[PDB]
Asks: 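Below you will find the structure I want to go over with you.
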Amino acid sequence: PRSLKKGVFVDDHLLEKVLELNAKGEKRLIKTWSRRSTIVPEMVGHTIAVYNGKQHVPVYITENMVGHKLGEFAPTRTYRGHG
Amino acid sequence: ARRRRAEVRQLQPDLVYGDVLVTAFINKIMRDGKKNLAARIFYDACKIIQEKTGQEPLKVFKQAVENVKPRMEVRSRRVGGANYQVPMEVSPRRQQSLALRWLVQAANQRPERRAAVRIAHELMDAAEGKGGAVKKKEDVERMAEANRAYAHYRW
Amino acid sequence: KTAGXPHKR
Amino acid sequence: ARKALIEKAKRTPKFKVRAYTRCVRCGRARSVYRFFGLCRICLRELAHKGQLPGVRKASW
Amino acid sequence: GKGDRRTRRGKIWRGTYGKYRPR
Amino acid sequence: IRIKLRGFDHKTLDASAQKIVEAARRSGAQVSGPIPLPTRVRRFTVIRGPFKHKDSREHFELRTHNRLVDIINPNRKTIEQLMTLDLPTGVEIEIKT
Amino acid sequence: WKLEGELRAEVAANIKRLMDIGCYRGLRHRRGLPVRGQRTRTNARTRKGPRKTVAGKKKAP
Amino acid sequence: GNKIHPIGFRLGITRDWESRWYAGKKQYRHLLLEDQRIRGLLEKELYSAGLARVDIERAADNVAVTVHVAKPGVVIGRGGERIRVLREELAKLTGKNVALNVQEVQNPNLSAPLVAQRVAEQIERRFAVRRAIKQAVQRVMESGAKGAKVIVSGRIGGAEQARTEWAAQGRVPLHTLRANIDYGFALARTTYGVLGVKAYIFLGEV
Amino acid sequence: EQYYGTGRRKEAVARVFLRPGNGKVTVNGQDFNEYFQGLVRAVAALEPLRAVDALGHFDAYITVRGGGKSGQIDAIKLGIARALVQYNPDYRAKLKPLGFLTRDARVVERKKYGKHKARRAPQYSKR
RNA sequence: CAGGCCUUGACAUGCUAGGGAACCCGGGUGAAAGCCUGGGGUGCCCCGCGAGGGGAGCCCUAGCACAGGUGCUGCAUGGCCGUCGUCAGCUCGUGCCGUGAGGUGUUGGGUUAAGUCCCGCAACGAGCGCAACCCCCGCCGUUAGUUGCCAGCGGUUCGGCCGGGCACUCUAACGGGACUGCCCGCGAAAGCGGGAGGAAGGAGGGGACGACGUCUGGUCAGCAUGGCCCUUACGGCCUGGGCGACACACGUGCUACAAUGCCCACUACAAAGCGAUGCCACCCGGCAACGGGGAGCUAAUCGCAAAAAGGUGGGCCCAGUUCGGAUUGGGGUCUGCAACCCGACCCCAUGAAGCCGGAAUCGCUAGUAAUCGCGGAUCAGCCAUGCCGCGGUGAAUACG
Ligand SMILES: [Mg+2]
Ligand SMILES: [Mg+2]
Ligand SMILES: [Mg+2]
Ligand SMILES: [Mg+2]
Ligand SMILES: [Mg+2]
Ligand SMILES: [Mg+2]
Ligand SMILES: [Mg+2]
Ligand SMILES: [Mg+2]
Ligand SMILES: [Mg+2]
Ligand SMILES: [Mg+2]
Ligand SMILES: [Mg+2]
Ligand SMILES: [Mg+2]
Ligand SMILES: [Mg+2]
Ligand SMILES: [Mg+2]
Ligand SMILES: [Mg+2]
Ligand SMILES: [Mg+2]
Ligand SMILES: [Mg+2]
Ligand SMILES: [Mg+2]
Ligand SMILES: [Mg+2]
Ligand SMILES: [Mg+2]
Ligand SMILES: [Mg+2]
Ligand SMILES: [Mg+2]
Ligand SMILES: [Mg+2]
Ligand SMILES: [Mg+2]
Ligand SMILES: [Mg+2]
Ligand SMILES: [Mg+2]
Ligand SMILES: [Mg+2]
Ligand SMILES: [Mg+2]
Ligand SMILES: [Mg+2]
Ligand SMILES: [Mg+2]
Ligand SMILES: [Mg+2]
Ligand SMILES: [Mg+2]
Ligand SMILES: [Mg+2]
Ligand SMILES: [Mg+2]
Ligand SMILES: [Mg+2]
Ligand SMILES: [Mg+2]
Ligand SMILES: [Mg+2]
Ligand SMILES: [Mg+2]
Ligand SMILES: [Mg+2]
Ligand SMILES: [Mg+2]
Ligand SMILES: [Mg+2]
Ligand SMILES: [Mg+2]
Ligand SMILES: [Mg+2]
Ligand SMILES: [Mg+2]
Ligand SMILES: [Mg+2]
Ligand SMILES: [Mg+2]
Ligand SMILES: [Mg+2]
Ligand SMILES: [Mg+2]
Ligand SMILES: [Mg+2]
Ligand SMILES: [Mg+2]
Ligand SMILES: [Mg+2]
Ligand SMILES: [Mg+2]
Ligand SMILES: [Mg+2]
Ligand SMILES: [Mg+2]
Ligand SMILES: [Mg+2]
Ligand SMILES: [Mg+2]
Ligand SMILES: [Zn+2]
């Protein structure tokens, strides 16, 4: 994974929206195309609409999913099996 | 091999006994170009074969080769679309080759853990007329004796 | 015969 | 998607990763030699033509 | 064998170094 | 007076090596003969066809030959004469001390 | 170190929470599919299991 | 679909490069692009003068550009007017010392790129392709050459079925290295598409 | 004071200096049996003198570089066999009949495009 | 593919028109693109003390002409490639035969790798092919002696290190060399067998080289190009997704199933290449990936670099193992704006199938196969076990 000598990477333009919410008394639906953003404790409690190539997928953020990335919870392929 | 028949490669005689037949036998031991390892296996067994059964190593080797040379074998011929088992006399070139080949293979079928011991015991058992390589020779000689009815198809 | 644009296939 | 893509390649990109080689002559994005700035096809055409200094068919 | 990164032969095979093939 | 010259065509390279070595053999003193350095070869292997046919190739090499000549005792008569010398375009020269 | 059954507990516990949150890895532990980004068009037989052959597409006589 | 290019086969032996200079891996591409960019402009303009070759030589911030040609007229111009008007535009892209020269072509009918261009031009005018070929070969042999062969390939006469037709005289040994064989290609555009003309002129063995 | 031969075989080049002595050989600044320790084929480089009985009459100062320890051996075998005929031209006969005077041109064949090696081909399968 | 945008357009020439811009830094919104915007302020030549007004690189916007399309047709094409096939062939000119298609030559005997030559003949010649000229390898010479070499003297921190030298090894240019030229025998000859000499012998080994043509073979997606189609869209920019999906089936491969093996430590011998936002010695932190220092080299100099198999010593003892290294948990490193999808690498743990493979099927005739490692192109990194090269060790077999 990313070198921790670098930062825990967030596109800033999303972290911007998160912090203004905490100040103003959230919630609000958050539409982002930044799957590459890392989930961060300031996101706990919200729901974020993560784009998967076709749709913005809501993702309620919980404590146990804090260390992961945003795209992990907006799956990108529909499959539902064969036969 | 349509045009001319091939020439038989002459081998550099070995740096111990000065014997081509020894060099040929080591080449049948060799796998993946490791002639060093190969020659090392063959000589270590010569030690073993002088310890056990105090005969001369080179003398045991050659006699084991003699006891494994087959004098007759079956081949295939035509006469129509038929596939006969024809008994043929084995050429000296081929007697040596089959004898050497069956020895390594019989040796490696043995149950002794390390390679030189398998070759030591097989060369010992062969020089006394036992061993898988001798059982393979007699087996070949039998199949040419049975199909002696079709011997009149030989060339 | 060969997908490419509209024709797709 | 060709001429707009052969032009976008010359442009300076928002990041130094999005820069990719591109045949100066025909525009191939693939099999592009840094040395000649050509692609494997144009390289062959100019070599047979003698318009590449010193280059020649190798044989050994 | 060559497929096991955790041995010298593996490090040689992938052309890498580590505790199991250092410099 | 350390003079190294390079080129793709060696016939033009060895020619200009013989010229300069004889420029100091006229005025000057000791020449260190035109010693050939190992040729550095950059090869190019290409799929001979414009499409699909991978098992048919064509090889091209680009040879950069290297020659070295050393003038022992300069004598600025030589350092002058060298300025006037017919150096073909296929050759590029470099001089150090 | 934690060993034997105690270790297998945390390995289980991590896989389970990967499935609970519903991340992309947890989806692949659900379906027993390769998790570290491998091909599934072929191979994957260690993770997917023995082959389950199916009838295929046919030609014309 | 098999034969190798006759020039590139003989480079360094019977044929020499059309760009003679050295460079290093730092600016080789930049200079070679300049040659091509320069040679692009020349073949575009000097076509009407029958451009048979462009030689390039280099030292540093200067360039040769020796243009061989059948008619030096359209090159030089009035007292050296076009030769200036182009040399001006020339270094306007080179930014260097561009010293254009003009060499005359001894026999134009002994030059392969010219024979191909005369046939390519003749068939754009809707001339009898089969005849234009035999004549061209006939001219090259009348010009003393030891052999000639000419290939036109495509929709001859505008037929729907494409075709290849050729003629030859004397001898043209493409497998022979010591045989000086000038090769040249010209492409003829028509109402119905592209034809392709290959000219082979066998000068002699050296 | 010396007798020299140049022995080459397969990218390996040998410089053999035969000086009269006890039969003591060194190769690249160390002893023969130190530089060929464990290579049964080693005893083959000193085979030419066996044909002229010069076994312990010559010491040898030998250097070799390039190739591999067995290709270096065959170079030595040619090198000393090249120095002996310089020392004694009469050594021509009995050496040439034993083939010690020649170098084999047998070198590695180049890999070719469309193969795995020089001749090993990629596996064929119609359909 | 989805969604947010652009409409003379990302790009070419040409025409006007308004602004009258040149260029470089900002701002708001937005995922970005985009849309909206603000500052630093035009050289030609000029009427110039005047206010300055125009003309023009080039820009911006408006409007045309046109651009753009990896949309279709490889059954309209060029070019290039595959293929039969490195197979010995395919032809032409005149003459002769035949009403004619066509035949003859090119068939026949002998010979050869070869329509390669010899002999014969209503044929006599000639062309494309074959061979040869070209390149690498094998021996020898010559010319060269640094960054390469060290034979012999002299020093020698003991390293070709300094003196000295180019002998040698080498490196790289030019030559020599093989011609069935000589002997024996067969033969009508060409040739064939054998022998001598020679580094090399019957084309020395490998390469480059591919006849008229065939497959209406491949490629309109490298490029070119006729024709057809799209024109606020089948064109253009962007963010994200997909190209990496997975009940399955096939090809080409890597690693293995072990003791001629696996592991650890020590110790040897290559070749070809590559290397100034490059290779990076050496030193320190770290198990390590790597990080930080930090020389040298535009490189026969300095670096990649350790070659590996091998040699020596030591361990494992026939086990699904000290065989095998898949899968998975956790912890890190590096590139990159960014490694969720979907990177490589390191460390701890995990330690699957697999006991040599059914019907069937592939490669290779010698420095080959097998095996062992090394480099390069592409390239930020890399899914390379692929490709093109390089050497190390080095077989078996051909009756037919
Ligand atoms: Mg588009
Ligand atoms: Mg285009
Ligand atoms: Mg890139
Ligand atoms: Mg590229
Ligand atoms: Mg293991
Ligand atoms: Mg490396
Ligand atoms: Mg392939
Ligand atoms: Mg080919
Ligand atoms: Mg992954
Ligand atoms: Mg991965
Ligand atoms: Mg993977
Ligand atoms: Mg996948
Ligand atoms: Mg029309
Ligand atoms: Mg060499
Ligand atoms: Mg090899
Ligand atoms: Mg390999
Ligand atoms: Mg076609
Ligand atoms: Mg075509
Ligand atoms: Mg059609
Ligand atoms: Mg042939
Ligand atoms: Mg045929
Ligand atoms: Mg036929
Ligand atoms: Mg006639
Ligand atoms: Mg008649
Ligand atoms: Mg009649
Ligand atoms: Mg006829
Ligand atoms: Mg005849
Ligand atoms: Mg015929
Ligand atoms: Mg005929
Ligand atoms: Mg006939
Ligand atoms: Mg002929
Ligand atoms: Mg010399
Ligand atoms: Mg040829
Ligand atoms: Mg078709
Ligand atoms: Mg098709
Ligand atoms: Mg088209
Ligand atoms: Mg196109
Ligand atoms: Mg993607
Ligand atoms: Mg793909
Ligand atoms: Mg593979
Ligand atoms: Mg397989
Ligand atoms: Mg590289
Ligand atoms: Mg070892
Ligand atoms: Mg187990
Ligand atoms: Mg099992
Ligand atoms: Mg184990
Ligand atoms: Mg993990
Ligand atoms: Mg990824
Ligand atoms: Mg077992
Ligand atoms: Mg098997
Ligand atoms: Mg095995
Ligand atoms: Mg063969
Ligand atoms: Mg192995
Ligand atoms: Mg990379
Ligand atoms: Mg790379
Ligand atoms: Mg590699
Ligand atoms: Zn190109």
Side-chain angles (χ1 to χ4, degrees), chain A residues 3 9 13 32-36 51-54 69 71-72 76-77 79 82-83, chain B residues 1 6 27 30-37 41 91 113-115, chain C residues 4-7, chain D residues 1-4 7-8 15 17 26 28 39 41 57 59-60, chain E residues 1-4 16 18-19, chain F residues 10 14 33-38 45 48-53 56 68, chain G residues 11 14 24 37 39-41 46-47 52-54 56, chain H residues 1-2 4 13 153-155 160 162 171 175-178 187 192-196, chain I residues 11 13 15 37-38 66-70 72 102-103 105-111 113 118-121 123-124:
Chain A
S3 273
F9 178 86
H13 62 67
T32 171
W33 294 253
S34 186
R35 307 174 53 78
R36 62 183 182 177
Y51 198 66
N52 58 8
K54 175 188 193 175
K69 319 283 290 192
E72 290 192 14
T76 183
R77 299 178 174 100
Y79 167 52
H82 294 88
Chain B
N27 291 160
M30 181 183 36
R31 297 190 288 175
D32 312 357
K34 295 188 166 179
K35 165 180 281 290
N36 206 37
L37 174 59
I41 299 170
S91 71
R113 290 213 205 277
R114 63 199 57 86
Chain C
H7 290 283
Chain D
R2 179 53 144 191
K3 208 173 170 187
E7 195 67 29
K8 184 185 294 165
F15 312 91
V17 268
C26 74
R28 276 179 71 97
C39 77
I41 308 168
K57 289 180 58 76
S59 165
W60 67 105
Chain E
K2 306 178 201 165
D4 180 16
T16 58
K19 185 173 68 173
Chain F
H10 68 81
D14 291 337
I35 61 166
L37 301 177
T45 296
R48 194 184 284 250
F51 181 74
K52 79 176 297 183
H53 297 301
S56 183
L68 188 64
Chain G
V11 182
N14 287 304
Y24 184 83
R39 283 182 59 172
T40 51
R41 184 174 200 193
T46 303
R47 182 74 187 151
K52 303 187 305 307
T53 311
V54 179
Chain H
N2 29 8
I4 199 186
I13 298 182
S153 187
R155 305 179 51 179
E160 183 170 14
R171 48 179 284 172
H175 293 263
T176 299
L177 286 154
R178 72 172 180 264
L187 176 145
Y192 49 84
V194 157
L195 299 141
Chain I
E11 292 296 338
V13 295
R15 288 170 47 193
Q37 165 190 12
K69 282 184 176 298
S70 187
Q72 289 172 346
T102 180
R103 171 194 171 165
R106 313 189 295 119
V107 308
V108 163
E109 192 168 348
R110 65 165 294 232
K111 184 181 180 305
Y113 59 95
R119 305 171 174 193
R120 165 65 189 194
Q123 196 182 17
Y124 174 70

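Here is how names work: the chains are called A, B, and so on, in the same order as the sequence lines, proteins then strands, and each is numbered from 1. Side chains included, hydrogens not; waters and symmetry mates left out as well; all remaining heavy atoms used.
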Asks: Pairs under 3.5 angstrom, nitrogen or oxygen only, protein versus nucleotides 368-370 of chain J, please.
Replies:
| from | atom 1 | to | atom 2 | distance (Å) |
| --- | --- | --- | --- | --- |
| J:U368 | OP1 | I:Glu109 | N | 2.6 |
| J:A369 | OP1 | I:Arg119 | N | 3.2 |
| J:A369 | OP1 | I:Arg120 | N | 3.0 |
| J:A369 | OP2 | I:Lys117 | NZ | 3.3 |
| J:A370 | OP2 | I:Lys117 | NZ | 3.2 |
| J:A370 | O2' | B:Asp32 | OD1 | 2.9 |
| J:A370 | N7 | I:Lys117 | NZ | 3.0 |

Asks: Counting only side-chain N and O atoms of B:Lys35, is one of them less than 4.0 Å from OP1 or OP2 of J:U393?
Replies: no

Asks: What's the gap between J:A276 and J:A377 when it is taken at their P atoms, as a whole Å value?
Replies: 11 Å

Asks: Less than 4.0 angstrom between a side-chain N/O of G:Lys52 and OP1 or OP2 of J:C248, yes or no?
Replies: yes

Asks: Please tabulate, one pair per line, each protein N/O and nucleotide N/O from nucleotides 321-323 of chain J that are separated by under 3.5 Å, including the distance.
Replies:
none

Asks: Looking only at non-hydrogen atoms, find the nearest pair between I:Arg103 and I:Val107 and report the distance.
Replies: NH2-CG1, 4.4 Å

Asks: Here, do the bases of J:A288 and J:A289 lie with ring centres under 5.5 Å and ring planes under 30 degrees of each other?
Replies: yes

Asks: By the 4.0 Å heavy-atom rule, please label H:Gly1 as base, sugar-phosphate, or nothing.
Replies: base

Asks: Run the side chain to side chain donor-acceptor pair (under 3.5 Å) test against D:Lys57 and tell me which residues pass, sequence neighbours left out.
Replies: F:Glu58

Asks: How would you label the contact of H:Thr176 with the nucleic acid (heavy atoms, under 4.0 Å): base, sugar-phosphate, or nothing?
Replies: base

Asks: Taking the basic N atoms (NZ, or NE/NH1/NH2) and the acidic carboxylate oxygens, is any pair closer than 4.0 Å for H:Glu160 and H:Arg155?
Replies: no

Asks: Which part of the nucleic acid does A:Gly71 contact within heavy-atom distance under 4.0 Å: base, sugar-phosphate only, or nothing?
Replies: base

Asks: Which is true for H:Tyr192 with a 4.0 Å heavy-atom rule: it touches a base, it touches only sugar-phosphate, or it touches nothing?
Replies: base

Asks: Taking J:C234 as the reference, what is the distance to J:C382 when you measure between their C1' atoms (whole Å, please)?
Replies: 35 Å

Asks: Does the pair J:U29, J:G30 qualify as stacked when the test is that the six-membered ring centres sit under 5.5 Å apart and the ring planes lie under 30° from each other?
Replies: yes

Asks: Please encode protein proximity along nucleotides 237-242 of chain J as a string of B, S and -, counting only heavy-atom distances under 4.0 Å.
Replies: SSSBSS

Asks: What nucleic acid atoms does E:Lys19 come within less than 4.0 Å of, heavy atoms only: base, sugar-phosphate, or nothing?
Replies: base

Asks: So what does H:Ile4 hit on the nucleic acid, given a heavy-atom distance under 4.0 Å: a base, only sugar-phosphate, or nothing?
Replies: sugar-phosphate

Asks: NA contact type, B:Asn36, heavy-atom cut-off 4.0 Å: base, sugar-phosphate, or nothing?
Replies: sugar-phosphate

Asks: For A:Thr32, report the nucleic acid contact type (base, sugar-phosphate, nothing); a contact means any heavy atom under 4.0 Å.
Replies: nothing

Asks: Protein-nucleotides 84-86 of chain J N/O pairs closer than 3.5 Å?
Replies:
none

Asks: Could you pick out which residue, F:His53 or D:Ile41, lies toward the 5' side of RNA chain J when each is mapped onto its nearest nucleotide?
Replies: F:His53

Asks: For atom P, what is the distance between J:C215 and J:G78, given to the nearest Å?
Replies: 14 Å

Asks: Has F:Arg48 got a side-chain N or O lying under 4.0 Å from the OP1 or OP2 atom of J:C209?
Replies: yes

Asks: Does a nitrogen or oxygen in the side chain of B:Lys34 sit under 4.0 Å from OP1 or OP2 of J:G310?
Replies: yes

Asks: For H:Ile13, answer base if it contacts any base atom (sugar-phosphate contacts may also be present), sugar-phosphate if it contacts only those atoms, and nothing otherwise; contact means non-hydrogen atoms under 4.0 Å.
Replies: sugar-phosphate

Asks: Check every strand shown and say whether H:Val194 touches a base, only sugar-phosphate, or nothing at a heavy-atom separation below 4.0 Å.
Replies: sugar-phosphate

Asks: Mind checking what makes side chain to side chain donor-acceptor pair (under 3.5 Å) contact with H:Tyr192, not counting sequence neighbours?
Replies: none

Asks: Does the base of J:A259 carry an N or O that pairs as donor and acceptor with the side chain of B:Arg114 under 3.5 Å?
Replies: no

Asks: Both distances under 3.5 Å and Watson-Crick or G-U wobble geometry: does that hold for J:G43 with J:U333?
Replies: no

Asks: Quick test of your reading: by the Watson-Crick or G-U wobble rule with a 3.5 Å threshold, is J:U142 paired to J:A173?
Replies: yes

Asks: Just how far, in rounded Å, is P of J:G175 from CG of F:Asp14?
Replies: 12 Å

Asks: Does D:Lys57 have a side-chain nitrogen or oxygen under 4.0 Å from the phosphate oxygens OP1 or OP2 of J:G207?
Replies: no

Asks: Taking only the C1' atom of each, what is the distance from J:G79 to J:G222 in whole angstrom?
Replies: 12 Å

